[PDB]
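From first to last, the protein sequence lines are chains R and S.
Heads up: the first sequence runs through residues 11 to 250, 265 to 277, 290 to 837, numbered per UniProt numbering.
Heads up: the second sequence runs through residues 11 to 250, 265 to 277, 290 to 837, numbered per UniProt numbering.
Just so you know, even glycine gets a beta-carbon here, dropped at the ideal spot from N, CA and C.
Number of protein chains: 2
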Amino acid sequence: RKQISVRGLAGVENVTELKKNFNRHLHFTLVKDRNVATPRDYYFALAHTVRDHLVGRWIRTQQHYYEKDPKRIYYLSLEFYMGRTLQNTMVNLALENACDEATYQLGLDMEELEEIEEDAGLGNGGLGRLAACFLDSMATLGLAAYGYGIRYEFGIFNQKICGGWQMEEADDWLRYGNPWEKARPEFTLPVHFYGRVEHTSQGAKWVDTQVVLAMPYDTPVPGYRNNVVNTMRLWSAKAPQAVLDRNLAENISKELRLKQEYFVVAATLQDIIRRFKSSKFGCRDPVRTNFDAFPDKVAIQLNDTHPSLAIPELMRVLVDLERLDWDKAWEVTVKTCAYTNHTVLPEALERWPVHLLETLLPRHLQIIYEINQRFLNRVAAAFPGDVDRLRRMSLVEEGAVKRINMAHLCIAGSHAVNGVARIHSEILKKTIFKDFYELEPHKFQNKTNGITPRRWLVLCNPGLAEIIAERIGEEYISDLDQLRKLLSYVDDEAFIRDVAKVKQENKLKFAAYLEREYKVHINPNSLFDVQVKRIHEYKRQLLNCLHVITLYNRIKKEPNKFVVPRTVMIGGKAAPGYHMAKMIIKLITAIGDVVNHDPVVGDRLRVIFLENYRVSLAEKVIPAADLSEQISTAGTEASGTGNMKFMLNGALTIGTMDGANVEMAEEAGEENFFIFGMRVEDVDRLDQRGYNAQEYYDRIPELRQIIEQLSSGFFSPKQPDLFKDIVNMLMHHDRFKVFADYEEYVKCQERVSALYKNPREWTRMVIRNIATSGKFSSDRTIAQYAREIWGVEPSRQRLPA
Amino acid sequence: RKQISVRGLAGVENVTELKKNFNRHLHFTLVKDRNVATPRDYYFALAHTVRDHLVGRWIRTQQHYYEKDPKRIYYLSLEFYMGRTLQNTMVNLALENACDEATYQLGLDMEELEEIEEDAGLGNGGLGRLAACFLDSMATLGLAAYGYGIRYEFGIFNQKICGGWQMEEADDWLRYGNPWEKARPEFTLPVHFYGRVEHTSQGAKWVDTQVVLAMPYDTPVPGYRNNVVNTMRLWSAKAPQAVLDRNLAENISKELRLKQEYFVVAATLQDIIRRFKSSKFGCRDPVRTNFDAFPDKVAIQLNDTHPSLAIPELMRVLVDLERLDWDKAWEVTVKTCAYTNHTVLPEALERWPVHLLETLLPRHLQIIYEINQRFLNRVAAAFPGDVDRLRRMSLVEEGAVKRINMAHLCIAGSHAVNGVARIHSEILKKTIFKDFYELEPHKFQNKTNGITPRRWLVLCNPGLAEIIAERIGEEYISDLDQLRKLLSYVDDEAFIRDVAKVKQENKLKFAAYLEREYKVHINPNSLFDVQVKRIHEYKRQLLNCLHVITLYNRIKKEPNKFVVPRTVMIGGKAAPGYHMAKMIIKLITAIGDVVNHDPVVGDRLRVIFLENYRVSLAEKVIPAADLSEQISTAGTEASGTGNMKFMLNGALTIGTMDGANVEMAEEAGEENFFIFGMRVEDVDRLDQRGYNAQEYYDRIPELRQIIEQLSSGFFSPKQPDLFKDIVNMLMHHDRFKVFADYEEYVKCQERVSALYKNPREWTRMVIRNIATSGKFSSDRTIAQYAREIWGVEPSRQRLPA
Ligand SMILES: Nc1ncnc2c1ncn2[C@@H]1O[C@H](COP(=O)(O)O)[C@@H](O)[C@H]1O
Ligand SMILES: Nc1ncnc2c1ncn2[C@@H]1O[C@H](COP(=O)(O)O)[C@@H](O)[C@H]1O
Ligand SMILES: *Cc1c(COP(=O)(O)OP(=O)(O)O)cnc(C)c1O
Ligand SMILES: *Cc1c(COP(=O)(O)OP(=O)(O)O)cnc(C)c1O
């Protein structure tokens, strides 16, 4: 040792040693030939070549944290929607061009090579994506953060459309393993389920438990060019008839979800105290032990209630294991945890039945109770005589099924609870958790969501970032508010023509991709109208459907009257066993089989379902979008980060005054936004009076006609009654008010095409939107977390090399 | 491509580079630090540094074989007892010295790191060690050979002696991963079980089968300094309730041994036909479709009957898949396979119930039946009227259970069957397989087993190799006949002095191990008396026990008679489920508890039961051995390669004229050997009169005293009747005649001790054993197979570099 260090091993980001290393990895790391390599072998080689550069920096970063002892942030989440690591590592590390030349010179095309990479199947959505944009911004802001979760071996399915219907296929992303991760067998910890608590004169004892082993995997996450590489640590379940218990064990990768919830917590928290106590540089020993500075050195950001078992667990470790006195343990737990809510919908909260916590984890139920009692006593002091307040506030819900309300726990156990959007965080204070806000207002906060400008602009849209940068430099990639500078070119004929050029190139490129994959020919001069969201009824892909049959039926009625051409691309996954979602994907495809095959349509309309929407494909479709469809019923959407992604990339939005749309439009100015339909005040008035959809049917002929086609097999001649289910629901069981927003939607849509007809004024409104999107960067959300909740100062400073 | 080459990536075999690559591996490969590295890390970083040198040479060897298209030899075995790759690879590659100096300039201790490696748990014992010594000799002799076996997830237990009794602890060697192996997920084959068979128009179809997946792992195996590095391919089982099925597919690692044998047959042969067809350098397509060349391009060595299903499987592949006609498909099979019979006993050979085969392998049974029908027709034509020979030679055995005899399958279907020692190969023709030798006599061959002069000498005994080197060059190491040149030094005092010096220094060091790992203190001047044979009754550790008690009892009786001091070491694993063997290991340790603690015995006799005997332990005790115990009943030992290990390393043999001891005494000259006891003829005489153990006991006084001591609780005070089960066995059901060779055995021991008193004559007898050991090199054995069975001429030529 001593003479063993990173000392100068990666060499240079220079094309000659970068080609050496590609060959070194093809032959010695993959034990492969030129005679036996395939595209994948060649991708792993390039992946391992960039990975040496990333790992050298990771090591100099982690070390640096132990030397300086920063406050460590553990961001705890049950999904992280990472996507593909290679180009993001190369972009973030300024390696993408030397790798491009190196690869050219060995006779390979990095574009083809990057596409053999599988998306890390570690998340299914917005929650997980937020956590992933947060990991990029925490590293670019130089914070010492960690993302801890579960390493799902087969994530949630990969979608395949067959016969226009959805199929789910196993997401076997780890089939040939994953180069970005290092498995750490030597740090497997054990987790305890079941057991019984015997008490002693000394403490509570959780005896006779079944043990699952939690094995760690590490993957670095690069900050953008600041030489900071931080850590993602994902836990894998391993078994230590026994056949059956072993399988149940491995299933962590109903009760299984409470298991994996405890698993990621128990295991992560052992690491948090392990690294706490063993504070010194060089020294692997416990050195620290007074937990008084523990709030000063550890932050646990609970992403949603899914890891709320961290609060009963941290009290249990400190009180039983470390034998601290309960009031101090709690002093330290509230000063350490914080909770992030993501919903407007009370019904949606996480409530685990006590009969199950009784079985799976007796000790934690005991601590949820001494928390609850000591809580309700404080509310009691503060609002004496208010018996129903005790009732509403109680962590334990009651009657019918006896339940623990994990949100109430998270608010009791944390020193900051925040919503994700201005109106949303108001709803938390005012109606959702009003009694927690009257008891303790100081903890409620708002941290509006953001997206990372690296993955969502300089990576996926090099062209746009390239034309912006020549005018205002590159300081905006770490300070997105500098995009307000582009307003100085809303009249520059050269910047207008360029902004427009970038989008036509991006559309041509996307058309090329769909052509070679799904083999469709779409017209790159049409308006690309994109709706990509989880296929769900409040998302109202069905309003978008009624609109494309309005367009088809319209071209048909006057086939020689001009129309701006559109390509309507809808994409997204349907929950297996959500029947209406399944029916909607099948309608989109049925509509499209008619539309795209009609020759009187010519090249004026095409409805295309984008299969297997995932982070990789969003990176293709959003740089090519001309219109963002953000049409969910007012009041159902708390945020909308995809929304912000489309605005960053030059599409214009058509949507409801809701979620992300409201702060996007105050930033953009509402005259640069196609806001339509009923606001929240209007849906509630309609709810006060009862929606009766027959009134819309009765007074709107074009809608009456569309339902008439749906009931007669126009879009399913081979099986006429197929769509009866959506027809009856739209007519009689439509909670999301589709008919009530149609007329307005089509009128707004007409305005969209009118603007599209005059390319200089569309491009000028698109400049007004790009220039005001600077607010929606996740670096701004993370500098607000850092300062208002975690109590650390973001740094834009470079670490050495 | 083309620029994508192995072209000089390895670099120099010098200390500076070796250290660069070490630092590089600990950092980028293992992602670790001086700050968190353990021994186990510094060992994986040196194993990874060396491995780069091994893989480059492997790539250029396998390219060399596709470019020359030679006859590829597949040594199919179910167990490969490889031991430990690191120093064997350093030695074979000449890296050893540079890796020592490099590790010193990095302040590490290469011998501490070498002691971290686990023994590769892929072999039970003897037959797999033979498999491993041969991999090395095929590589050293330039043969394009492959070793194909199973990749056991946890090898057979690591033995643990708790309080004299034996424990089977988990040999979970694979925990931290093995740096030598590379998993190939991309090359996973199906293996089918169960099913039914249709006979269609075009042929036969084995349908509705359970499919298990064979995924291979590749390990390089290097020849001694010739630059030929060859492949070891072991199949791993993956399942594609499938909890049950998944467990049992993973359980391949009763019906499970047949599933397990068929697994490694099926997978391996898929590769064989693959690599035959895909013959042309640079072209992966099946070029070669004409099976006429198959027997000149593939050889398959069926080691024991454990892969006998390679014969019904090749037929199935050629008749059913490749569609050859039976008669030509047979012609090809027999010319490709060869059987090696390792037994001597008729009831050790495999027989499988035909109920079990019709259910598990219905197609293979159909083929085993048509092979038998035609075989039994060949013998009917050659011996007309001989109906009991048709009964006798049939592969299908009748009587209560219809069984298939797999050794008849192997004779019928292989072009060559051989034994591993001259006597045993004669025995196969006279008794076991006489009818078969009568029908097709040309098949029967002998190939005497051998050991490898690299591991068993330049590797485990660098001092003996040093002093032989300086008198006769480095050539003996791969031409061991050159050791007879040492007979010229039989009268040379400085050689006599350095040979006895090497043994002394070797004993001195092993003494240090039995302290620093076992607490008993052995005396470096006692003759190290070693018996390490699998603990079994025919092996007669019990005779040795009767002679260690005789020495004890003699010393006690006259504590002032000079005795030569002896350290008696007995080692071997007892099969779980064999009581008598676990009683023998408990008897050994009992005598030790006594002998080693008796003050009148003083340091004159010490008994040590060496726990968890394996190849790395063997590598340490055989270099320090003075006398080699080879005492099993004449007629129970077919060969015995451990015997040869001892001869090369300076021990003399006390042994029966049986197994490897016959040809050893023959090369060394009977005078230089302590052969005692009965011969085969004498024990058969004794069996016709009746062995009556009592006769010996009644006439032998000291024996009477010993059995008295064992019944009386003398060696077991607290449990007096502990050893009465082996007493009744010795006395009344001794099947391997202990008491019948007891007095000649003890007689011969006095001759060993007497000689041991005159060191100049002992070292001269040792020079006469060592100089004659040359015959017993596995290089000789493989050159015999290559030349007489596989049809290849060994090449001792170096490949480039
Ligand atoms: N006590 C320590 N002093 C210095 N560096 C350390 C120490 N512990 C761990 N490291 C560094 O942090 C990385 C990850 O460590 P850990 O945070 O302990 O999982 C290691 O590879 C080292 O780079
Ligand atoms: N057709 C081929 N031509 C030349 N080299 C090959 C070919 N197939 C395989 N190889 C080499 O042989 C090694 C083992 O391949 P295989 O025998 O296919 O398992 C590969 O790593 C290559 O180095
Ligand atoms: C951007 C992103 C998202 C998150 O965006 P959403 O607008 O769709 O929010 P939700 O519908 O509320 O979850 C989800 N999935 C991917 C692939 C992605 O890039
Ligand atoms: C040397 C060796 C062996 C071989 O010993 P044996 O020759 O006595 O076995 P048999 O061939 O059956 O007589 C077995 N196991 C290990 C550890 C070893 O190194």
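With fewer than three CB-CB distances shorter than 8 angstroms, the region 700 to 715 of chain R does not count as touching the region 583 to 593 of chain R. Comparing C-alpha distances from residue 38 of chain S to each of R/12, R/70, R/44, R/42 shows the shortest one belongs to R/70.
Put simply, of S/716, S/703, S/815 the residue whose alpha carbon is nearest the alpha carbon of residue 808 of chain S is S/703.
Within chain S, the residues 267, 268, 271 have their CB atoms less than 8 angstroms from the CB of residue 267 of chain R, given in chain order. Pairing residue 431 of chain S with residue 448 of chain S, the inter-Cα distance amounts to about 9 angstroms. The three-state reading of DSSP puts residue 175 of chain R in strand, counting E and B together. Within the model, the alpha-carbon separation for residue 310 of chain R versus residue 322 of chain R is close to 8 angstroms. Of all residues in the region 190 to 213 of chain S, only 192, 195, 196 come within less than 7 angstroms of chain R when Cβ atoms are compared, listed by chain position. DSSP places residue 744 of chain S in the helix class (H, G or I) of the three-state scheme.
A check of alpha carbon separations from residue 137 of chain S across S/677, S/690, S/671, S/18 identifies S/677 as the nearest. Uninterrupted alpha helix (DSSP H) stretches at least 4 residues long and entirely within the region 130 to 197 of chain S occur at 136 to 150, given in chain order. Sequence-distant partners of residue 351 of chain R (beyond 5 residues in either direction) whose C-beta falls short of 6 angstroms from its own C-beta, in its chain, are 365, 369, 403.
Taking 8 angstroms as the Cβ-Cβ cut-off, the region 302 to 327 of chain S approaches chain R at 317, 318, 320, given in chain order.
For the set R/204, R/181, R/308, R/698, the Cα lying nearest the Cα of residue 269 of chain R is the one of R/204. In the structure shown, the three-state DSSP call for residue 821 of chain S is helix. Between ligand 3 and the CB of residue 675 of chain R, the shortest heavy atom gap is smaller than 7 angstroms. Secondary structure note for residue 62 of chain S: it is in no beta strand (DSSP E), and the uninterrupted alpha helix (DSSP H) holding it is 49 to 78.
Taking 8 angstroms as the threshold, the shortest C-beta distance from residue 43 of chain R to chain S falls below it. Looking from the CA of residue 571 of chain S, the closest CA among S/648, S/529, S/545 belongs to S/648. If you check the CB distance, residue 343 of chain R and residue 145 of chain R do not come in under 8 angstroms.
By the CB criterion at 8 angstroms, residue 44 of chain S and residue 320 of chain R fall outside the cutoff. Ranked by Cα distance from residue 453 of chain R, the first of R/338, R/414, R/525 is R/338. Taking C-beta separations shorter than 7 angstroms and ignoring five residues to either side along the sequence, the partners of residue 674 of chain R in its chain run 378, 379, 380, 456, 457, 460, 695, following chain order. By the Cβ rule, the region 650 to 662 of chain R counts as touching the region 489 to 502 of chain R, because three or more pairs are nearer than 8 angstroms.
Annotated three-state conformation of residue 119 of chain R is coil, per DSSP. Secondary structure note for residue 564 of chain S: its beta strand (DSSP E) is the uninterrupted segment 563 to 568.
Within the DSSP secondary-structure output, residue 209 of chain R pairs in a beta bridge with R/214. When C-beta atoms of the region 772 to 783 of chain R are compared with those of the region 467 to 486 of chain R, fewer than three pairs fall below 8 angstroms, so the two segments do not count as touching.
Between residue 743 of chain S and residue 727 of chain S the beta-carbon gap is near 16 angstroms, outside 8 angstroms, which marks them as no contact. Taking C-beta atoms under 8 angstroms as the contact rule, residue 390 of chain R and residue 401 of chain R qualify, at a distance of about 6 angstroms. For the region 107 to 130 of chain R, residues whose beta-carbon sits nearer than 9 angstroms to a beta-carbon of chain S comprise 115, 116, 117, 118. Residue nearest to residue 737 of chain R within the set R/586, R/619, R/95 is R/586 (criterion: CA-CA distance). Distances taken from the Cβ of residue 549 of chain R to the heavy atoms of ligand 2 include none shorter than 7 angstroms. Within the region 375 to 460 of chain S, the complete beta strand (DSSP E) runs of at least 3 residues fall at 387 to 389, 439 to 441, 453 to 455. Within 9 angstroms of the CB of residue 66 of chain S, the CB atoms of chain R belong to 37, 38, in sequence order along the chain. For residue 314 of chain R, there is no enclosing beta strand (DSSP E), as DSSP marks it with neither H nor E.
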